[PDB]
Amino acid sequence: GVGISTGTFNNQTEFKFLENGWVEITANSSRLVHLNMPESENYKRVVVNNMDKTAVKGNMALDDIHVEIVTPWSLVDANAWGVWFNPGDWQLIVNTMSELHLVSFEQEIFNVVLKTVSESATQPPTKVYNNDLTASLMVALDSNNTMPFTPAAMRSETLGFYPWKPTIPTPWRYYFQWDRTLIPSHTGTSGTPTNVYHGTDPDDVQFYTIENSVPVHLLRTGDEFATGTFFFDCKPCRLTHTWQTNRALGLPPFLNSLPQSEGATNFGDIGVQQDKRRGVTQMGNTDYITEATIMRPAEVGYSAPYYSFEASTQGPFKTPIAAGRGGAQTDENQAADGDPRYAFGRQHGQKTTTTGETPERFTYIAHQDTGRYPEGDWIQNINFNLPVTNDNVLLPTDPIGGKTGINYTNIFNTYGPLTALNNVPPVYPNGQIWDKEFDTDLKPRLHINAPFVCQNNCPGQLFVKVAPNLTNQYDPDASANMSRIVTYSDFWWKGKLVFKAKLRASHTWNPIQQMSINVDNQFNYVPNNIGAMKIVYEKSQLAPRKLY
Amino acid sequence: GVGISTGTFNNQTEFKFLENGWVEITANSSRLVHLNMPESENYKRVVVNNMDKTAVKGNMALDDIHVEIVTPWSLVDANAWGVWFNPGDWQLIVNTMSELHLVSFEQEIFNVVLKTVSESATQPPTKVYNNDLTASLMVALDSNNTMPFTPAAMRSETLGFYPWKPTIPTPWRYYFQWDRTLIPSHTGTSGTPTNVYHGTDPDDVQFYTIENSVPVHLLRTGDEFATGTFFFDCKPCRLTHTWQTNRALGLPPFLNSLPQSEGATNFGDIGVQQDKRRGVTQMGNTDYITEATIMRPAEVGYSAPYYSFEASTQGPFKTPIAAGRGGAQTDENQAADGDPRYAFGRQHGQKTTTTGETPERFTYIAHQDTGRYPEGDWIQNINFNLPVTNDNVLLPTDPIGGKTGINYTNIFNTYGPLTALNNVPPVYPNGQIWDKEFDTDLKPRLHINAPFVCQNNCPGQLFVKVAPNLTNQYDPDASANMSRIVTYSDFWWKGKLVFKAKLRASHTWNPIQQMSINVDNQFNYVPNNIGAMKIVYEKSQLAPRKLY
Amino acid sequence: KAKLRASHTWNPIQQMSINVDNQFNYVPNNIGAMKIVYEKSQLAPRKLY
Ligand SMILES: [Ca+2]
Ligand SMILES: [Ca+2]
Ligand SMILES: [Ca+2]
Ligand SMILES: [Ca+2]
């Protein structure tokens, strides 16, 4: 069955409006995937050790040592917003929907092709491509999620974002266990710290093979493969942001004195002595009821140690932070509430005609005011007693450990039973969409990498690979490296991701932040005279929501 | 499925006679289309600016600046009379039918072929064509008319007019928005006018993609594609012409004195003093009832400014005129009532064995006397009072604006609530058949380009394209230009256009103008000793019709 | 009775939107003054032919 197609290209996003303001978004994405023969046919256990870098005192954070199993299989990952929606669709969703529901996912492989390269070793010399009709492409869909979960978006290795531009999958590899020690130090530290990779703990070894745990399918041109329809189990993702802070929760103080003339100088006045006011407070000493002192239900947001690194059996790792805005606009603390920074290129944004190999990037800065501005933090001695005396105040300025560039905010952590928090907002187009939950007894309240964490079950991973096209000479009983015909494959991938949205309703007199084409962004949405493209990142939760 | 054909060639025109003089014309047209790989795979936004020409004062009309989106898709356009009928059929329709009804349209693509060119780089060197059996031809039929409407007949780019001669489609491209200024001037104008292309208005940008708005079909040799049957909604087109003018409407004056002997000198005489006659007039002053002064119901035809150019956001454009004859035969005013001029060649008429690249052409001159002869126009002062004195007459001779070559007829416009007019007559074989209506709130009473304007709905456009035949080396992450195997395609197109005609009836004693072979046209209808062909244009509405 | 639009181009499209420039044309001031700035309606291309 060579002369018949086995599939259809479809990259349309359908918006189906239902009853009561609910829409059913059907994002169709098709892509032509190009796939090469594995450079090797065996699994390799490789160690990566860049001690040359960590050898330099004060370079701990640049540690890359790990051990990974290198498989002869490739992963077809489509878990990233850019694969399903273009700037247009996205603007539609973000400007009018109030919440998003991830419903189901299904993919299929069709119109498979396998060619053989022949070196017409004459003159230049030449190269001749031919069809190997009876050759097969191997396909394995790990439904049971036996294999380790490895999101390609984490390393900008998902399918590309352009319907009219071929793409490729990524060689699949996964972490193996290993013990590693690396002691912190600074430029002036003495002696040689302790930078040792101890190896692997036998009680943590887990060598996985696809061949042994997932049925594999062989497809020839005539064949096709389709996944079933997987249904997610995730909480809805909101498309609105909160702006309220503790300072803006509840009943404002009653102004006894109101401005009588226009002018951004004419303020209103509470009109009551800060120690002669009524209200509630959690400060049993003073009688000062102040906007920064009065009681509030709980606490929106929280403080966590910044540029903290922790260490365990495998080595050091940065301490993650779940947090939004908190601070002026061109007045951040990227570190404090962890604004994510995305590095990618060409195939996932970055102008296409770009040269060199320096990735493009951006630091996403959410609209939700749930972050913190450390410099504003301070601490006072129980006696209160203002103006506070230097001996009774710890400030983001006073040093810690005699260190000049470290202070309590750095060590600080105000997470507790009163912490109100929100989930990570979606990041177009470089963000991951869904993520598999940790199989720990107690799970995390959220994941920092994706807004959708399928709990009870997630779509399995799809592995692809060109099956061994051997030559007439092959001897198992001789390490050699099995000479095999240079074969490559081309197939089309088609996926269908279904969402369920809820149309928003206005509730204020005033208009609202809406995504829109300007005379400034204009050319970020259209190709140029050479056909170069790029996909600029966009914000998602533009639109306020009352928090309390 | 490679060894089996998927279609049939049919280029027969069937005439099926019904009851009560109605015939059902079924025009079948088949053609072998040749199609090449796109020179580029991306959409390009290109600007065209020939300021070098408009720089020369007095060359405004030669302005070509515009912006267009260049797509990697080709359009298969068959909307032009020459594609469906040969001189014979046409003579039949034009000589015996009185009116034409455009009923339905359907097309289909079959017996698809895709070959690969290989340069046997030896000696001359050689070239080798091979079949790429598993390759696909992409097909997209824009049913919803999402895409911008682009009639290829407008630029002589429809399918060719010979059943036994292969043809090709045209690269599809469409207008993009842009602001442009160009101020009129004459040879002796001083300073440098104002010739500026300002660019595009963001509020008018509309980048269209086929991939994003029309499902695409992949066909391999075994496959085939067929459109459904589309049904038009258009007014009938008449195949007769009117000759009556205001001067010949109604009851002629009664001749009291009739000629008594033969001779084109012996005239009849009304026999009553022009100021002593009875009748109606719209001239409340005089008592002169004259053949050029007596009342008439309304007005056949109208006067409009000639070689008028108007300007708006995009630049200048000639003011269109809807009008027929009006004037002697070798006594026109091509400009005044806008006789169309058609430029084309080889594939759509023009002797086939022709060399060089100067198009062939003709100015169509309709039989309907609905035009005007300006030189005959004049204007008189309210007092009437003849013979009229130079100071009370504006003539097509007196100058306007002190200009010697401009007069009121040039500025003139007599369109009003009494204007009687006819539609554009069909032009064989270079004319467009149907046209999509403007989506403006108020529409035009007619289109100057085709006699059939499908209002509520029109057949969608058919886009074709060779799908990317990549080589073993392809890297998305590198602008390059994706090296791809030189692939081309050959497929057969078959369309069916159904009309409904009405047989005419004689009502006069005298015979009537009929199309016919002469000793002069004879060789315009047959090939020569070399096999050269050409298709000479013909008139359609030869046959009078009483207007009133 | 309205009809929802459908995208048919690769490129985005002119959309009405709040800027750092129009911002205060949509909210009252410290005195309670209001104003309603005119807006355009047919922002969005349509193929004519
Ligand atoms: Ca921040
Ligand atoms: Ca804010
Ligand atoms: Ca004329
Ligand atoms: Ca005539």
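Following Swiss-Prot, chain A residues are numbered 180-727, in order.
Determined via X-ray crystallography, 3.0 Å.
Cβ atoms here come from the backbone N, Cα and C positions, even for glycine.
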Let me make sure I read this right: Swiss-Prot says A:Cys637 forms a disulphide bond with another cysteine. Which one, out of A:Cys416, A:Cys633?
A:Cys633
In Å, rounded, how far does the Cα of A:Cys633 (disulfide bond) sit from the Cα of A:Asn323 (Mg(2+) binding site)?
14
Check each residue in the chain of A:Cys637 (disulfide bond) that is at least six apart in sequence and keep those whose C-beta is under 8 Å from its C-beta; list them in sequence order.
A:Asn324, A:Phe328, A:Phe409, A:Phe411, A:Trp613, A:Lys615
Around A:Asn323 (Mg(2+) binding site), which residues of its chain at least 6 apart sit with Cβ under 8 Å of its Cβ?
A:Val393, A:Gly639
Local Cβ density at A:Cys633 (disulfide bond) - other Cβ atoms counted within 10 Å:
19
Per DSSP, A:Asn323 (Mg(2+) binding site) is which: helix, strand or coil?
coil
Can you tell me the three-state DSSP label for A:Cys637 (disulfide bond)?
coil
